[PDB]
2 protein chains.
Amino acid sequence: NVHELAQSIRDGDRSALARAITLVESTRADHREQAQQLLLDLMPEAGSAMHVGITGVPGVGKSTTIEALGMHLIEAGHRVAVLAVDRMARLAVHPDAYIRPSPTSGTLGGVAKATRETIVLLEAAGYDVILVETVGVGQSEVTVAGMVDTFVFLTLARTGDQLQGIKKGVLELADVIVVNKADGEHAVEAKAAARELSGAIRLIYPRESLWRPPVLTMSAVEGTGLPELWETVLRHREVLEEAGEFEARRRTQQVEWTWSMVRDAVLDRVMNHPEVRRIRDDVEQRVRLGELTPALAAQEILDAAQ
Amino acid sequence: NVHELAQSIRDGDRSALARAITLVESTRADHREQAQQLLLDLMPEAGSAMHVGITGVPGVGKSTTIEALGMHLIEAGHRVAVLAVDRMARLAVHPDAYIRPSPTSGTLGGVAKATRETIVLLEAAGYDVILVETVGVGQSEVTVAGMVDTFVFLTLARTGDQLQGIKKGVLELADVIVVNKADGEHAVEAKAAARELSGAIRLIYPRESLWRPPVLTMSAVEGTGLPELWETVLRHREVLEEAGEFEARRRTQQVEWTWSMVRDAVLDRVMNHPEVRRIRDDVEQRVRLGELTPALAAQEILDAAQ
Ligand SMILES: Nc1nc2c(ncn2[C@@H]2O[C@H](COP(=O)(O)OP(=O)(O)O)[C@@H](O)[C@H]2O)c(=O)[nH]1
Ligand SMILES: Nc1nc2c(ncn2[C@@H]2O[C@H](COP(=O)(O)OP(=O)(O)O)[C@@H](O)[C@H]2O)c(=O)[nH]1
Ligand SMILES: [Cl-]
Ligand SMILES: [Cl-]
């Protein structure tokens, strides 16, 4: 069963791949146990692809970029999978590309878990580059950052001195920043904004930094700057491997994800408790109104979940 | 008992204040229950001071700044308390200043809880400005940000084009940024770095923002720029009150702190569990070595805590 399924994936049996993917997406406890045995078997193949995260707000040009980058990597001999943690016509028909929409959300955590595990199945099937994308609602960027080696952030220049749609905790996550839509009359403004952002990075990150994120400009549509974006991603990996830090980071990602599953399980028992859900609104109001102190309110919530 | 103690604090009895402060710092369950009843009684006085956070790395000039700002506010008729969540000779002898070192740490959470509650006792005693400081080890800045209205970040210019000691998730927390030590031969470099940081803020924060953080220069030692730092803090409050957003934010801080106490209690049961503490190292190793998947490792940890 489990071990035969692994070998079929290793052989390139696409049907075994899809079976296994449905197997890791499954909510049943027989499938869950099966999924983990599978992932153990496939441990030698785990890690064998480059992991690249790609984020940006809607309208930045993320689909177009991922499509153009996917084709450019396929032209270079890679096999590319694209996963969403939350269309591309050219890529969906290519035999050496794999495209899965984001899985129905048990939670962000459920989707993430499914994506992480599907990454291993795809590495086993021979995909050597995995692009993981997110639009960045809520905790989404932080989640993708924790499963990739290099996190690429796509932005737009509003003008030559302003960027748009930079969310609260996002630049810090970026290993590469791309000012996209640098074509036509707008090319001018995009390059000046990119330079200005380089200035900000030089100002703020210690000169001593092992890696400081490059700012690049690109036209996803025209394909200019795409080769350079890819060289910068490979450069990042090299600098990290060269520091003996590439594998160290992946091992830390795995441990951190272990603990976040422990945290989600323990916190869910409280947050989804029907009695907590019933009183929580009234508890929060009573804190807002000063009728209850926060410590008393916290004790009331813990009690409700007792 | 409880209600008489409140009135003494309200009257300005310093002995009742210290009693109550030891009462909120106490680990016993009779004192804890007493503390919360006290805080309920004092609910009309809660909130009556300005809450100002002040962070920066060691060597920035934070003690000197807090001392100079404290005196400047006392000269203006305020009564000032300074609390640490983790020396000032002039301030420690003034009758209208209050200085408490950081409380011995049950945890960052314990220290924070104690500081938050002591803020209420101080507001009751007539202190109308509370400065809350931290050096920024670990989760410290985020903790202070969650208990103040305006968070002031102190930095140093390494040169005229580089800042120093900017930690991972900190600029985002700042409502005001100060480039300190802008005196002598170095004044030149400090002002150019401040301008450059203003450029970065204009580049990155939407022009539409209700508040975008000002960058100021200061000499804590000479006292130049201190009045201006204080005007900018008052300006922040005004902009927030004017948007009808000042009280809304405080109410959100209280609710968020309620939940973080619930989270700490629930997570501590697992993390401090002796069986979890016994296996955790070996579990993490087995994940690192690929002998265990993360999901299996998480299940092993949850089981150990069963
Ligand atoms: N001018 C220009 N437009 C682009 C570029 N890339 C994408 N677009 C356009 O921007 C719009 C959104 O593109 P899409 O890839 O769907 O962005 P997404 O929402 O981030 O996925 C589409 O109309 C694209 O044609 C580019 O490099 N230059
Ligand atoms: N040149 C200059 N030195 C300062 C200034 N403020 C503080 N210092 C010096 O910087 C050192 C550290 O000051 P301190 O307030 O203890 O910094 P802290 O570690 O952040 O508390 C001391 O030697 C101060 O005299 C300033 O405005 N200008
Ligand atoms: Cl509690
Ligand atoms: Cl689990």
# chains A, B, ... in the order shown; residues from 1 in each chain; ligands from 1

call {"tool": "select_by_dssp", "arguments": {"residues": "range 72-222 of chain A", "states": "strand (DSSP E or B)", "output": "mmCIF file with N, CA, C and O atoms, in the first residue's frame"}}
result
data_model
loop_
_atom_site.group_PDB
_atom_site.id
_atom_site.type_symbol
_atom_site.label_atom_id
_atom_site.label_comp_id
_atom_site.auth_asym_id
_atom_site.auth_seq_id
_atom_site.Cartn_x
_atom_site.Cartn_y
_atom_site.Cartn_z
ATOM 1 N N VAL A 80 8.371 22.443 -13.097
ATOM 2 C CA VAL A 80 7.924 23.485 -12.179
ATOM 3 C C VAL A 80 6.552 23.208 -11.600
ATOM 4 O O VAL A 80 5.599 22.931 -12.344
ATOM 5 N N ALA A 81 6.444 23.301 -10.274
ATOM 6 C CA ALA A 81 5.133 23.224 -9.677
ATOM 7 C C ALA A 81 4.815 24.554 -9.060
ATOM 8 O O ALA A 81 5.696 25.220 -8.496
ATOM 9 N N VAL A 82 3.556 24.953 -9.170
ATOM 10 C CA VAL A 82 3.100 26.191 -8.561
ATOM 11 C C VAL A 82 1.959 25.905 -7.561
ATOM 12 O O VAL A 82 0.920 25.351 -7.958
ATOM 13 N N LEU A 83 2.137 26.276 -6.281
ATOM 14 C CA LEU A 83 1.086 26.053 -5.264
ATOM 15 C C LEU A 83 0.612 27.352 -4.627
ATOM 16 O O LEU A 83 1.388 28.256 -4.356
ATOM 17 N N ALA A 84 -0.671 27.446 -4.386
ATOM 18 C CA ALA A 84 -1.203 28.617 -3.773
ATOM 19 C C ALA A 84 -1.561 28.314 -2.314
ATOM 20 O O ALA A 84 -2.029 27.223 -1.990
ATOM 21 N N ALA A 97 4.907 21.349 -16.111
ATOM 22 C CA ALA A 97 4.452 22.248 -15.070
ATOM 23 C C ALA A 97 3.313 21.570 -14.315
ATOM 24 O O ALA A 97 2.532 20.812 -14.896
ATOM 25 N N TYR A 98 3.225 21.846 -13.026
ATOM 26 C CA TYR A 98 2.117 21.353 -12.226
ATOM 27 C C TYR A 98 1.418 22.507 -11.514
ATOM 28 O O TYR A 98 2.061 23.311 -10.851
ATOM 29 N N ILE A 99 0.102 22.573 -11.647
ATOM 30 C CA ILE A 99 -0.683 23.652 -11.052
ATOM 31 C C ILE A 99 -1.880 23.129 -10.235
ATOM 32 O O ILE A 99 -2.750 22.438 -10.753
ATOM 33 N N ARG A 100 -1.865 23.470 -8.952
ATOM 34 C CA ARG A 100 -2.921 23.138 -7.997
ATOM 35 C C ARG A 100 -3.423 24.438 -7.364
ATOM 36 O O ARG A 100 -2.616 25.208 -6.783
ATOM 37 N N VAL A 129 11.558 22.652 -9.043
ATOM 38 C CA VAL A 129 11.353 24.019 -8.626
ATOM 39 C C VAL A 129 9.898 24.148 -8.225
ATOM 40 O O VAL A 129 9.003 23.754 -8.988
ATOM 41 N N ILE A 130 9.674 24.644 -7.008
ATOM 42 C CA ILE A 130 8.325 24.853 -6.476
ATOM 43 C C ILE A 130 8.109 26.332 -6.182
ATOM 44 O O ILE A 130 8.842 26.917 -5.363
ATOM 45 N N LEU A 131 7.099 26.918 -6.822
ATOM 46 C CA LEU A 131 6.751 28.298 -6.567
ATOM 47 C C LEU A 131 5.514 28.265 -5.650
ATOM 48 O O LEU A 131 4.547 27.585 -5.940
ATOM 49 N N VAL A 132 5.594 28.980 -4.532
ATOM 50 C CA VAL A 132 4.504 29.021 -3.566
ATOM 51 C C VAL A 132 4.032 30.464 -3.502
ATOM 52 O O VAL A 132 4.812 31.366 -3.149
ATOM 53 N N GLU A 133 2.780 30.673 -3.884
ATOM 54 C CA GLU A 133 2.226 32.014 -3.973
ATOM 55 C C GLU A 133 1.110 32.281 -2.964
ATOM 56 O O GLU A 133 0.362 31.377 -2.590
ATOM 57 N N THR A 134 1.002 33.549 -2.583
ATOM 58 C CA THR A 134 -0.054 34.069 -1.749
ATOM 59 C C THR A 134 -0.314 35.578 -1.983
ATOM 60 O O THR A 134 0.622 36.351 -2.182
ATOM 61 N N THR A 150 13.564 31.350 -0.418
ATOM 62 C CA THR A 150 13.725 32.685 -0.962
ATOM 63 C C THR A 150 12.360 33.222 -1.244
ATOM 64 O O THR A 150 11.575 32.612 -1.978
ATOM 65 N N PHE A 151 12.091 34.393 -0.693
ATOM 66 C CA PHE A 151 10.780 34.950 -0.703
ATOM 67 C C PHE A 151 10.817 36.233 -1.527
ATOM 68 O O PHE A 151 11.488 37.197 -1.165
ATOM 69 N N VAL A 152 10.088 36.239 -2.629
ATOM 70 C CA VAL A 152 10.151 37.302 -3.604
ATOM 71 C C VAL A 152 8.902 38.164 -3.423
ATOM 72 O O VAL A 152 7.790 37.662 -3.388
ATOM 73 N N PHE A 153 9.087 39.471 -3.331
ATOM 74 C CA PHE A 153 7.991 40.351 -3.061
ATOM 75 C C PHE A 153 7.814 41.225 -4.263
ATOM 76 O O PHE A 153 8.773 41.787 -4.770
ATOM 77 N N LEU A 154 6.586 41.300 -4.766
ATOM 78 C CA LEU A 154 6.273 42.046 -5.969
ATOM 79 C C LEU A 154 5.532 43.289 -5.568
ATOM 80 O O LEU A 154 4.566 43.226 -4.796
ATOM 81 N N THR A 155 5.970 44.434 -6.075
ATOM 82 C CA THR A 155 5.313 45.683 -5.747
ATOM 83 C C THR A 155 5.122 46.490 -7.003
ATOM 84 O O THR A 155 5.590 46.100 -8.081
ATOM 85 N N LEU A 156 4.446 47.619 -6.855
ATOM 86 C CA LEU A 156 4.190 48.547 -7.941
ATOM 87 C C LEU A 156 4.651 49.914 -7.498
ATOM 88 O O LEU A 156 4.555 50.253 -6.317
ATOM 89 N N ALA A 157 5.163 50.701 -8.435
ATOM 90 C CA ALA A 157 5.428 52.097 -8.161
ATOM 91 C C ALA A 157 4.156 52.898 -8.454
ATOM 92 O O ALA A 157 3.642 52.882 -9.568
ATOM 93 N N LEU A 163 5.872 53.830 -3.448
ATOM 94 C CA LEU A 163 5.398 52.453 -3.679
ATOM 95 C C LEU A 163 3.957 52.309 -3.214
ATOM 96 O O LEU A 163 3.516 53.068 -2.358
ATOM 97 N N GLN A 164 3.229 51.332 -3.746
ATOM 98 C CA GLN A 164 1.858 51.088 -3.262
ATOM 99 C C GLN A 164 1.602 49.697 -2.684
ATOM 100 O O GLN A 164 2.247 48.716 -3.073
ATOM 101 N N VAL A 176 14.062 39.208 -2.053
ATOM 102 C CA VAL A 176 14.126 39.962 -3.290
ATOM 103 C C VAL A 176 12.854 40.834 -3.430
ATOM 104 O O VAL A 176 11.723 40.381 -3.134
ATOM 105 N N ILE A 177 13.010 42.067 -3.895
ATOM 106 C CA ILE A 177 11.844 42.893 -4.150
ATOM 107 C C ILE A 177 11.831 43.284 -5.607
ATOM 108 O O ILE A 177 12.865 43.640 -6.201
ATOM 109 N N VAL A 178 10.665 43.196 -6.205
ATOM 110 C CA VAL A 178 10.542 43.460 -7.620
ATOM 111 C C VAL A 178 9.542 44.581 -7.816
ATOM 112 O O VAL A 178 8.432 44.502 -7.337
ATOM 113 N N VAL A 179 9.956 45.640 -8.501
ATOM 114 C CA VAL A 179 8.993 46.638 -8.947
ATOM 115 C C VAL A 179 8.574 46.241 -10.368
ATOM 116 O O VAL A 179 9.358 46.324 -11.321
ATOM 117 N N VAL A 215 16.721 45.063 -5.047
ATOM 118 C CA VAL A 215 15.528 45.575 -5.687
ATOM 119 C C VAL A 215 15.735 45.530 -7.173
ATOM 120 O O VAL A 215 16.754 45.996 -7.687
ATOM 121 N N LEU A 216 14.759 44.954 -7.864
ATOM 122 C CA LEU A 216 14.844 44.755 -9.292
ATOM 123 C C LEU A 216 13.610 45.335 -9.883
ATOM 124 O O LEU A 216 12.599 45.476 -9.189
ATOM 125 N N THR A 217 13.692 45.653 -11.169
ATOM 126 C CA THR A 217 12.529 46.044 -11.955
ATOM 127 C C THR A 217 12.302 44.981 -13.017
ATOM 128 O O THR A 217 13.238 44.271 -13.416
#

call {"tool": "residues_near_ligand", "arguments": {"ligand": "ligand 3", "cutoff": "12 Å", "atoms": "only C-alpha atoms and all ligand atoms", "output": "short mmCIF file (atom, residue, chain, number, x, y, z; two decimals) with C-alpha atoms, in the first residue's frame"}}
result
data_model
loop_
_atom_site.label_atom_id
_atom_site.label_comp_id
_atom_site.auth_asym_id
_atom_site.auth_seq_id
_atom_site.Cartn_x
_atom_site.Cartn_y
_atom_site.Cartn_z
CA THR A 293 -10.64 43.70 34.00
CA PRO A 294 -8.64 41.81 31.34
CA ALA A 295 -7.31 39.30 33.89
CA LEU A 296 -10.82 38.53 35.09
CA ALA A 297 -11.95 38.28 31.50
CA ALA A 298 -9.16 35.87 30.64
CA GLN A 299 -10.13 33.74 33.70
CA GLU A 300 -13.75 33.71 32.60
CA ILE A 301 -12.72 32.49 29.15
CA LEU A 302 -10.45 29.75 30.60
CA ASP A 303 -13.24 28.69 32.93
CA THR B 27 2.23 35.58 43.03
CA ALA B 29 -3.91 33.77 44.86
CA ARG B 32 -4.22 38.21 42.83
CA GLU B 33 -7.97 38.24 43.63
CA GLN B 36 -8.29 42.64 40.42
CA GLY B 109 4.08 38.00 30.24
CA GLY B 110 4.31 38.29 33.98
CA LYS B 113 1.00 42.10 33.34
CA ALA B 114 2.55 43.66 36.37
CA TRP B 257 -4.24 41.57 26.26
CA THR B 258 -7.18 39.54 27.61
CA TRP B 259 -6.57 37.04 24.80
CA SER B 260 -2.88 36.94 25.16
CA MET B 261 -3.29 35.93 28.82
CA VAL B 262 -5.67 33.16 27.69
CA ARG B 263 -3.10 32.08 25.06
CA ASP B 264 -0.17 32.09 27.58
CA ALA B 265 -2.10 30.02 30.11
CA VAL B 266 -3.17 27.43 27.54
CA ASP B 268 2.20 27.09 29.22
#

call {"tool": "closest_residue", "arguments": {"among": "B:8, B:139, B:252, B:272", "to": "chain A", "atoms": "only C-alpha atoms"}}
result
B:252

call {"tool": "closest_residue", "arguments": {"among": "B:120, B:240, B:292, B:304", "to": "chain A", "atoms": "only C-alpha atoms"}}
result
B:292

call {"tool": "residues_near_ligand", "arguments": {"ligand": "ligand 2", "cutoff": "9 Å", "atoms": "only C-alpha atoms and all ligand atoms", "output": "ChimeraX atom specification"}}
result
/B:55-67,87-88,135,154,180-184,186,218-224

call {"tool": "atom_distance", "arguments": {"atom1": "CA of residue 137 in chain A", "atom2": "CA of residue 167 in chain A"}}
result
9.5 Å

call {"tool": "decode", "arguments": {"residues": "range 67-112 of chain A", "atoms": "N, CA and C atoms", "output": "PDB file, in the first residue's frame"}}
result
ATOM      1  N   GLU A  67       3.642  32.888 -14.434  1.00  0.00           N
ATOM      2  CA  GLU A  67       3.544  32.224 -15.735  1.00  0.00           C
ATOM      3  C   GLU A  67       4.814  32.390 -16.592  1.00  0.00           C
ATOM      4  N   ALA A  68       5.297  33.628 -16.662  1.00  0.00           N
ATOM      5  CA  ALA A  68       6.477  33.970 -17.440  1.00  0.00           C
ATOM      6  C   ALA A  68       7.706  33.318 -16.812  1.00  0.00           C
ATOM      7  N   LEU A  69       7.833  33.379 -15.483  1.00  0.00           N
ATOM      8  CA  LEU A  69       8.947  32.705 -14.804  1.00  0.00           C
ATOM      9  C   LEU A  69       8.864  31.172 -14.955  1.00  0.00           C
ATOM     10  N   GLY A  70       7.665  30.615 -14.878  1.00  0.00           N
ATOM     11  CA  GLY A  70       7.493  29.194 -15.017  1.00  0.00           C
ATOM     12  C   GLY A  70       7.970  28.733 -16.375  1.00  0.00           C
ATOM     13  N   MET A  71       7.496  29.376 -17.438  1.00  0.00           N
ATOM     14  CA  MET A  71       7.956  29.057 -18.812  1.00  0.00           C
ATOM     15  C   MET A  71       9.450  29.206 -19.030  1.00  0.00           C
ATOM     16  N   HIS A  72      10.028  30.273 -18.482  1.00  0.00           N
ATOM     17  CA  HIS A  72      11.471  30.525 -18.583  1.00  0.00           C
ATOM     18  C   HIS A  72      12.292  29.434 -17.908  1.00  0.00           C
ATOM     19  N   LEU A  73      11.757  28.875 -16.837  1.00  0.00           N
ATOM     20  CA  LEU A  73      12.437  27.796 -16.155  1.00  0.00           C
ATOM     21  C   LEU A  73      12.212  26.479 -16.921  1.00  0.00           C
ATOM     22  N   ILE A  74      11.010  26.275 -17.444  1.00  0.00           N
ATOM     23  CA  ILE A  74      10.783  25.093 -18.253  1.00  0.00           C
ATOM     24  C   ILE A  74      11.693  25.133 -19.515  1.00  0.00           C
ATOM     25  N   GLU A  75      11.845  26.301 -20.150  1.00  0.00           N
ATOM     26  CA  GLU A  75      12.722  26.441 -21.342  1.00  0.00           C
ATOM     27  C   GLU A  75      14.153  26.074 -20.976  1.00  0.00           C
ATOM     28  N   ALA A  76      14.516  26.325 -19.711  1.00  0.00           N
ATOM     29  CA  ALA A  76      15.843  25.981 -19.200  1.00  0.00           C
ATOM     30  C   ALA A  76      15.970  24.540 -18.703  1.00  0.00           C
ATOM     31  N   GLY A  77      14.950  23.715 -18.895  1.00  0.00           N
ATOM     32  CA  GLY A  77      15.018  22.311 -18.453  1.00  0.00           C
ATOM     33  C   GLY A  77      14.506  21.939 -17.056  1.00  0.00           C
ATOM     34  N   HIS A  78      13.920  22.875 -16.320  1.00  0.00           N
ATOM     35  CA  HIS A  78      13.351  22.525 -15.024  1.00  0.00           C
ATOM     36  C   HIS A  78      11.982  21.932 -15.169  1.00  0.00           C
ATOM     37  N   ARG A  79      11.493  21.286 -14.115  1.00  0.00           N
ATOM     38  CA  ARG A  79      10.071  20.959 -14.040  1.00  0.00           C
ATOM     39  C   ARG A  79       9.474  21.719 -12.862  1.00  0.00           C
ATOM     40  N   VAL A  80       8.371  22.443 -13.097  1.00  0.00           N
ATOM     41  CA  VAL A  80       7.924  23.485 -12.179  1.00  0.00           C
ATOM     42  C   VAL A  80       6.552  23.208 -11.600  1.00  0.00           C
ATOM     43  N   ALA A  81       6.444  23.301 -10.274  1.00  0.00           N
ATOM     44  CA  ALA A  81       5.133  23.224  -9.677  1.00  0.00           C
ATOM     45  C   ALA A  81       4.815  24.554  -9.060  1.00  0.00           C
ATOM     46  N   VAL A  82       3.556  24.953  -9.170  1.00  0.00           N
ATOM     47  CA  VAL A  82       3.100  26.191  -8.561  1.00  0.00           C
ATOM     48  C   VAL A  82       1.959  25.905  -7.561  1.00  0.00           C
ATOM     49  N   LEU A  83       2.137  26.276  -6.281  1.00  0.00           N
ATOM     50  CA  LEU A  83       1.086  26.053  -5.264  1.00  0.00           C
ATOM     51  C   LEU A  83       0.612  27.352  -4.627  1.00  0.00           C
ATOM     52  N   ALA A  84      -0.671  27.446  -4.386  1.00  0.00           N
ATOM     53  CA  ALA A  84      -1.203  28.617  -3.773  1.00  0.00           C
ATOM     54  C   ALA A  84      -1.561  28.314  -2.314  1.00  0.00           C
ATOM     55  N   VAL A  85      -1.287  29.288  -1.448  1.00  0.00           N
ATOM     56  CA  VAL A  85      -1.689  29.263  -0.041  1.00  0.00           C
ATOM     57  C   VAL A  85      -2.533  30.512   0.153  1.00  0.00           C
ATOM     58  N   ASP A  86      -3.846  30.387  -0.007  1.00  0.00           N
ATOM     59  CA  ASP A  86      -4.730  31.574  -0.053  1.00  0.00           C
ATOM     60  C   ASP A  86      -5.982  31.336   0.816  1.00  0.00           C
ATOM     61  N   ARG A  87      -6.541  30.464 -15.398  1.00  0.00           N
ATOM     62  CA  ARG A  87      -5.705  31.470 -14.756  1.00  0.00           C
ATOM     63  C   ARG A  87      -4.317  31.667 -15.396  1.00  0.00           C
ATOM     64  N   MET A  88      -3.481  30.621 -15.406  1.00  0.00           N
ATOM     65  CA  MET A  88      -2.177  30.712 -16.057  1.00  0.00           C
ATOM     66  C   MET A  88      -2.141  29.760 -17.234  1.00  0.00           C
ATOM     67  N   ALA A  89      -2.830  30.142 -18.309  1.00  0.00           N
ATOM     68  CA  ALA A  89      -3.106  29.268 -19.472  1.00  0.00           C
ATOM     69  C   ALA A  89      -1.876  28.556 -20.011  1.00  0.00           C
ATOM     70  N   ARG A  90      -0.832  29.319 -20.318  1.00  0.00           N
ATOM     71  CA  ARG A  90       0.404  28.770 -20.859  1.00  0.00           C
ATOM     72  C   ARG A  90       0.899  27.612 -19.990  1.00  0.00           C
ATOM     73  N   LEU A  91       0.885  27.821 -18.679  1.00  0.00           N
ATOM     74  CA  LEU A  91       1.521  26.896 -17.790  1.00  0.00           C
ATOM     75  C   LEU A  91       0.667  25.660 -17.544  1.00  0.00           C
ATOM     76  N   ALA A  92      -0.639  25.842 -17.507  1.00  0.00           N
ATOM     77  CA  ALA A  92      -1.542  24.734 -17.198  1.00  0.00           C
ATOM     78  C   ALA A  92      -1.522  23.646 -18.283  1.00  0.00           C
ATOM     79  N   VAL A  93      -1.125  23.986 -19.510  1.00  0.00           N
ATOM     80  CA  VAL A  93      -1.076  22.951 -20.561  1.00  0.00           C
ATOM     81  C   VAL A  93       0.313  22.309 -20.692  1.00  0.00           C
ATOM     82  N   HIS A  94       1.334  22.896 -20.083  1.00  0.00           N
ATOM     83  CA  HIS A  94       2.650  22.294 -20.237  1.00  0.00           C
ATOM     84  C   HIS A  94       2.803  21.016 -19.398  1.00  0.00           C
ATOM     85  N   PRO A  95       3.324  19.923 -20.009  1.00  0.00           N
ATOM     86  CA  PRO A  95       3.512  18.646 -19.276  1.00  0.00           C
ATOM     87  C   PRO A  95       4.544  18.726 -18.149  1.00  0.00           C
ATOM     88  N   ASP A  96       5.485  19.663 -18.224  1.00  0.00           N
ATOM     89  CA  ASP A  96       6.505  19.826 -17.196  1.00  0.00           C
ATOM     90  C   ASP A  96       6.170  20.944 -16.175  1.00  0.00           C
ATOM     91  N   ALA A  97       4.907  21.349 -16.111  1.00  0.00           N
ATOM     92  CA  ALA A  97       4.452  22.248 -15.070  1.00  0.00           C
ATOM     93  C   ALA A  97       3.313  21.570 -14.315  1.00  0.00           C
ATOM     94  N   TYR A  98       3.225  21.846 -13.026  1.00  0.00           N
ATOM     95  CA  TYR A  98       2.117  21.353 -12.226  1.00  0.00           C
ATOM     96  C   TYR A  98       1.418  22.507 -11.514  1.00  0.00           C
ATOM     97  N   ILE A  99       0.102  22.573 -11.647  1.00  0.00           N
ATOM     98  CA  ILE A  99      -0.683  23.652 -11.052  1.00  0.00           C
ATOM     99  C   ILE A  99      -1.880  23.129 -10.235  1.00  0.00           C
ATOM    100  N   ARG A 100      -1.865  23.470  -8.952  1.00  0.00           N
ATOM    101  CA  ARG A 100      -2.921  23.138  -7.997  1.00  0.00           C
ATOM    102  C   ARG A 100      -3.423  24.438  -7.364  1.00  0.00           C
ATOM    103  N   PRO A 101      -4.752  24.702  -7.447  1.00  0.00           N
ATOM    104  CA  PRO A 101      -5.253  25.854  -6.654  1.00  0.00           C
ATOM    105  C   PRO A 101      -5.131  25.565  -5.143  1.00  0.00           C
ATOM    106  N   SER A 102      -5.267  26.594  -4.335  1.00  0.00           N
ATOM    107  CA  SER A 102      -5.268  26.461  -2.903  1.00  0.00           C
ATOM    108  C   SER A 102      -6.397  25.546  -2.448  1.00  0.00           C
ATOM    109  N   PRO A 103      -6.045  24.671  -1.538  1.00  0.00           N
ATOM    110  CA  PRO A 103      -6.952  23.690  -0.979  1.00  0.00           C
ATOM    111  C   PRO A 103      -7.978  24.353  -0.104  1.00  0.00           C
ATOM    112  N   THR A 104      -9.153  23.748  -0.011  1.00  0.00           N
ATOM    113  CA  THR A 104     -10.244  24.306   0.740  1.00  0.00           C
ATOM    114  C   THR A 104      -9.777  24.353   2.134  1.00  0.00           C
ATOM    115  N   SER A 105     -10.053  25.470   2.778  1.00  0.00           N
ATOM    116  CA  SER A 105      -9.443  25.774   4.040  1.00  0.00           C
ATOM    117  C   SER A 105     -10.059  25.168   5.238  1.00  0.00           C
ATOM    118  N   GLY A 106      -9.387  24.220   5.856  1.00  0.00           N
ATOM    119  CA  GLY A 106      -9.829  23.890   7.175  1.00  0.00           C
ATOM    120  C   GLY A 106      -9.539  25.199   7.900  1.00  0.00           C
ATOM    121  N   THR A 107      -8.335  25.703   7.664  1.00  0.00           N
ATOM    122  CA  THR A 107      -7.791  26.899   8.269  1.00  0.00           C
ATOM    123  C   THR A 107      -6.601  27.319   7.450  1.00  0.00           C
ATOM    124  N   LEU A 108      -5.986  28.429   7.788  1.00  0.00           N
ATOM    125  CA  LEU A 108      -4.786  28.789   7.100  1.00  0.00           C
ATOM    126  C   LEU A 108      -3.844  27.657   7.417  1.00  0.00           C
ATOM    127  N   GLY A 109      -3.898  27.182   8.634  1.00  0.00           N
ATOM    128  CA  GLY A 109      -3.044  26.109   9.061  1.00  0.00           C
ATOM    129  C   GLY A 109      -3.237  24.825   8.310  1.00  0.00           C
ATOM    130  N   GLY A 110      -4.476  24.488   8.018  1.00  0.00           N
ATOM    131  CA  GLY A 110      -4.803  23.336   7.224  1.00  0.00           C
ATOM    132  C   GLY A 110      -4.353  23.424   5.804  1.00  0.00           C
ATOM    133  N   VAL A 111      -4.532  24.571   5.212  1.00  0.00           N
ATOM    134  CA  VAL A 111      -4.078  24.787   3.877  1.00  0.00           C
ATOM    135  C   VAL A 111      -2.563  24.700   3.796  1.00  0.00           C
ATOM    136  N   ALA A 112      -1.899  25.296   4.758  1.00  0.00           N
ATOM    137  CA  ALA A 112      -0.471  25.289   4.797  1.00  0.00           C
ATOM    138  C   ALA A 112       0.069  23.912   4.986  1.00  0.00           C
TER     139      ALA A 112
END
